[PDB]
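Here is the structure we will look at.
There are 2 protein chains.
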Amino acid sequence: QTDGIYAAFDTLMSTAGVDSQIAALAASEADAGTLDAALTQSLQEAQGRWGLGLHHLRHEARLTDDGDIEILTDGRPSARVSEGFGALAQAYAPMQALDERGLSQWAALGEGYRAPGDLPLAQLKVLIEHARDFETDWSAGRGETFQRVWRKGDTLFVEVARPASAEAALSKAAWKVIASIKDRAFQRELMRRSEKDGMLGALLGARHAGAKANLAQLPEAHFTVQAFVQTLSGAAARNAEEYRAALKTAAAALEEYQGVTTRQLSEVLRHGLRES
Amino acid sequence: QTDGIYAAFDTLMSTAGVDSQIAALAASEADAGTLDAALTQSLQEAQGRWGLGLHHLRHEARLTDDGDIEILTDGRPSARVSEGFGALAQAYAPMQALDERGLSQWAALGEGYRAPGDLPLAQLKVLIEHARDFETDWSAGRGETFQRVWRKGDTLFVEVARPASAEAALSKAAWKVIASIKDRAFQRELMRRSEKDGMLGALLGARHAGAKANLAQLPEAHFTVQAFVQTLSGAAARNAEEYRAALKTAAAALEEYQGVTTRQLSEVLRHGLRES
Numbered sequence: 025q026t027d028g029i030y031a032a033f034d035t036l037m038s039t040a041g042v043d044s045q046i047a048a049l050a051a052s053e054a055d056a057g058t059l060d061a062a063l064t065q066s067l068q069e070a071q072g073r074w075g076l077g078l079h080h081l082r083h084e085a086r087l088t089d090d091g092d093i094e095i096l097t098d099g100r101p102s103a104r105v106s107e108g109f110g111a112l113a114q115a116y117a118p119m120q121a122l123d124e125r126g127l128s129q130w131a132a133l134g135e136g137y138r139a140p141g142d143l144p145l146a147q148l149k150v151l152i153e154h155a156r157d158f159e160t161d162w163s164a165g166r167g168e169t170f171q172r173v174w175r176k177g178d179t180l181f182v183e184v185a186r187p188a189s190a191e192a193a194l195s196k197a198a199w200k201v202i203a204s205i206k207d208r209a210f211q212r213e214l215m216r217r218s219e220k221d222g223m224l225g226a227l228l229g230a231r232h233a234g235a236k237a238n239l240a241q242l243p244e245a246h247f248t249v250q251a252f253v254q255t256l257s258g259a260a261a262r263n264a265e266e267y268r269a270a271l272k273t274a275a276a277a278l279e280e281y282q283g284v285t286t287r288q289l290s291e292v293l294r295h296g297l298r299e300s
Numbered sequence: 025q026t027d028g029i030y031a032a033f034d035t036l037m038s039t040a041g042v043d044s045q046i047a048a049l050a051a052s053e054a055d056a057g058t059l060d061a062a063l064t065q066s067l068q069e070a071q072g073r074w075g076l077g078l079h080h081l082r083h084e085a086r087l088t089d090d091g092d093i094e095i096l097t098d099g100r101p102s103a104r105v106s107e108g109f110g111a112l113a114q115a116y117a118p119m120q121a122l123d124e125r126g127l128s129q130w131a132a133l134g135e136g137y138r139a140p141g142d143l144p145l146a147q148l149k150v151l152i153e154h155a156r157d158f159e160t161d162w163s164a165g166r167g168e169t170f171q172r173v174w175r176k177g178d179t180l181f182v183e184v185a186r187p188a189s190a191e192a193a194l195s196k197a198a199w200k201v202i203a204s205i206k207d208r209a210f211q212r213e214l215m216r217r218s219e220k221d222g223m224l225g226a227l228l229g230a231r232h233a234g235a236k237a238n239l240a241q242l243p244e245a246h247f248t249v250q251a252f253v254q255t256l257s258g259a260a261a262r263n264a265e266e267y268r269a270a271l272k273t274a275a276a277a278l279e280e281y282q283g284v285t286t287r288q289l290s291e292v293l294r295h296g297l298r299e300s
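Heads up: the protein sequence lines correspond to chains A and B, in order. All the letters of the first sequence, read from the start, carry residue numbers 25 to 300 under UniProt numbering. All the letters of the second sequence, read from the start, carry residue numbers 25 to 300 under UniProt numbering.
Structure follows, in structure tokens:
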């Protein structure tokens with residue numbers, strides 16, 4: 025039950041590509057404060073990736089009195105791990121202002137001016153080199169990606185995101201999965217199913233009874249990687265070349281992480297299919 | 025005609041993610057010995073990566089009397105580059121002993137004891153630390169992967185492979201390509217056609233008449249990434265943690281390289297012949 029909670033927290037962190045290793049640290053029995061800090065930092069790192077737009081909220085994670093884990097935003101205890109990942113999803117839901125494209129409209133520095141939808145590199149360079157604090161809105165990028173950047177104190181954040189709802193991640197995963205089936209007739213059957221069911225429903229005829237409940241039990245039914253954040257500091261926070269290099273490192277990183285999540289979903293879905 | 029030879033070699037090595045750079049090497053006026061050394065190194069890399077099961081043979085590649093390139097397997101010329109890629113594939117065919125899963129049945133150290141494919145890790149660590157020479161048979165890894173390991177003298181090899189015949193990789197890439205389609209009617213019609221003509225052929229059905237023929241002349245028509253080999257030396261070859269880390273590294277590299285092959289192949293099919 026206690027091990028279950030750490031395992032569930034690790035599974036939650038894995039939806040962000042975060043190798044949190046919380047269970048191992050709790051097993052090694054370090055002081056409680058170190059556990060607190062590790063939980064909080066891993067949670068913030070995953071927060072920067074889930075694509076939730078909550079850069080204006082302070083996310084904290086701590087141990088509860090009965091052996092649970094408490095997740096809090098701006099100091100308010102939002103949820104607990106035992107409640108279930110879906111509960112966390114609902115708790116985080118009201119804080120969003122996502123637009124039609126799946127890109128958050130909430131600001132990171134809160135009240136204050138925001139740069140327009142995009143700026144030429146010439147003006148952006150001046151902003152990085154000579155401004156104090158600022159935030160720019162999403163600007164269209166290569167390969168359906170979107171990007172933004174903003175400075176908090178001496179630390180510069182660059183977020184690159186390709187929005188995709190949980191069902192969308194699952195659908196991409198399955199749409200790639202059904203191609204590799206090593207059975208022409210069974211593949212024909214699934215392709216026949218698709219026309220009416222759509223990849224998701226079409227695939228939930230081979231997964232055993234309660235398949236939708238067999239996948240909703242997993243965190244990925246509500247969470248998946250949508251974005252990646254790269255942080256610079258010092259003169260790096262103020263060098264155009266470093267900004268671009270971080271963008272490339274990081275955009276390739278988001279591509280990598282989304283590919284990894286799709287592969288994980290493909291593996292999960294694959295279980296219980298060929299035998300049917 | 026000479027330049028085409030080096031370009032073809034470079035493209036053939038790109039089928040295994042090996043940036044040969046032989047064209048640039050010969051261009052920079054390197055001696056025949058250096059050309060031969062680079063050729064053999066790159067060829068052996070691609071051999072360990074193609075998953076053909078012929079690690080038990082020493083492969084060579086040299087420049088001939090007429091300005092061509094001759095490939096030798098234990099000193100017997102199999103084919104020359106100009107002869108064609110399919111020629112080399114059919115020349116490699118007789119020495120293969122691929123089983124029903126598509127994995128090499130040949131031994132790697134020649135005749136001798138081979139550990140079972142289910143050997144518990146506890147005994148395996150003992151083997152790595154204390155044996156002199158050893159080799160295990162294939163044992164299944166996660167996600168339809170397969171892994172084997174063997175030490176020769178001072179060098180430890182770990183091979184991770186997932187079976188994929190060239191044509192199968194083409195089929196998967198075509199699956200992706202049609203998955204990206206936006207016009208529903210076109211998608212449905214192509215999926216219908218594939219049920220009879222094969223997905224690759226269905227996709228090729230919408231292109232220049234060249235299409236099939238021109239694709240057949242490309243390196244990918246007969247070669248694809250099926251395996252990766254990671255090599256350790258020295259005391260690292262007798263360290264359990266190093267073995268586990270190397271297994272993880274090899275699996276990750278397999279995933280990365282296969283993903284790159286899939287993406288590049290999908291785009292290539294998307295545009296394709298462009299023979300000029």
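Beta carbons are placed, not taken as given, at the ideal position from N, Cα and C, and that holds for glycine.
Same chain only: Cβ atoms within 8 Å of residue i, ignoring 5 sequence neighbours per side
| i | result |
| --- | --- |
| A121(B) | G77, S128, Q129 and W130 |
| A111(B) | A103 |
Contact set between residue i and chain B, taken where Cβ atoms lie within less than 7 Å
| i | result |
| --- | --- |
| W199(A) | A203 |
| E107(A) | Near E107(A) there are no residues of chain B at all, since even the closest Cβ is about 30 Å away, more than 7 Å. |
Proximal chain A residues relative to residue i, where beta-carbon distance stays under 9 Å
| i | result |
| --- | --- |
| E279(B) | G283, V284 and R287 |
| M215(B) | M215, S218 and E219 |
Beta-carbon proximity of residue i to residue j, cut-off 8 Å
| i | j | result |
| --- | --- | --- |
| residue 301(A) | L194(A) | Nothing can be reported for residue 301(A): it is not among the residues displayed for chain A, which extend from 25 to 300. |
| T248(A) | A188(A) | yes |
| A47(A) | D34(A) | yes |
| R175(B) | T160(B) | no |
| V184(B) | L278(B) | yes |
| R156(B) | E168(B) | no |
| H246(B) | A190(B) | yes |
| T179(B) | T255(B) | yes |
| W74(A) | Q282(A) | no |
| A259(B) | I152(B) | no |
| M37(A) | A70(A) | yes |
| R86(B) | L67(B) | no |
| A132(B) | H79(B) | yes |
| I29(B) | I93(B) | yes |
| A235(B) | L242(B) | no |
| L297(B) | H232(B) | yes |
| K200(A) | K200(B) | yes |
| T39(A) | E266(A) | no |
| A164(A) | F158(A) | no |
Exposed unless 16 or more other CB atoms sit within 10 angstroms - verdict on residue i
| i | result |
| --- | --- |
| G72(B) | buried |
| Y137(B) | exposed |
| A275(A) | buried |
| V284(B) | exposed |
| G225(A) | exposed |
| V150(B) | exposed |
| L145(B) | exposed |
| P140(A) | exposed |
| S44(A) | buried |
| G134(B) | exposed |
| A32(A) | buried |
| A61(B) | exposed |
Contact set between residue i and chain B, taken where Cβ atoms lie within less than 9 Å
| i | result |
| --- | --- |
| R212(A) | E219 |
Proximal residues of chain A, C-beta to C-beta of residue i below 7 Å
| i | result |
| --- | --- |
| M119(B) | What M119(B) touches in chain A: nothing, since even the nearest Cβ is about 25 Å away. |
| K196(B) | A203 and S204 |
| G167(B) | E291 |
Cβ neighbours of residue i in the same chain (closer than 7 Å, five flanking residues each side left out)
| i | result |
| --- | --- |
| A197(A) | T286, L289, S290 and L293 |
| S300(A) | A230 |
| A270(B) | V182, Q254 and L256 |
| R217(A) | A226 and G229 |
| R125(B) | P187 |
| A56(B) | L87 |
| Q114(A) | none |
| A261(A) | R175, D178, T179 and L180 |
| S106(A) | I29 and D92 |
Presumed contact (8 Å Cβ cut-off) between residue i and residue j, rounded CB distance
| i | j | result |
| --- | --- | --- |
| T88(A) | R100(A) | No, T88(A) and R100(A) are not in contact; Cβ-Cβ is about 15 Å, not under 8 Å. |
| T26(A) | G108(A) | At roughly 17 Å, the Cβ-Cβ gap does not stay under 8 Å, so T26(A) and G108(A) are not in contact. |
Contact set for residue i: own chain, Cβ-Cβ below 6 Å, skip 5 residues either direction
| i | result |
| --- | --- |
| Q211(A) | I205 |
| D123(B) | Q129 |
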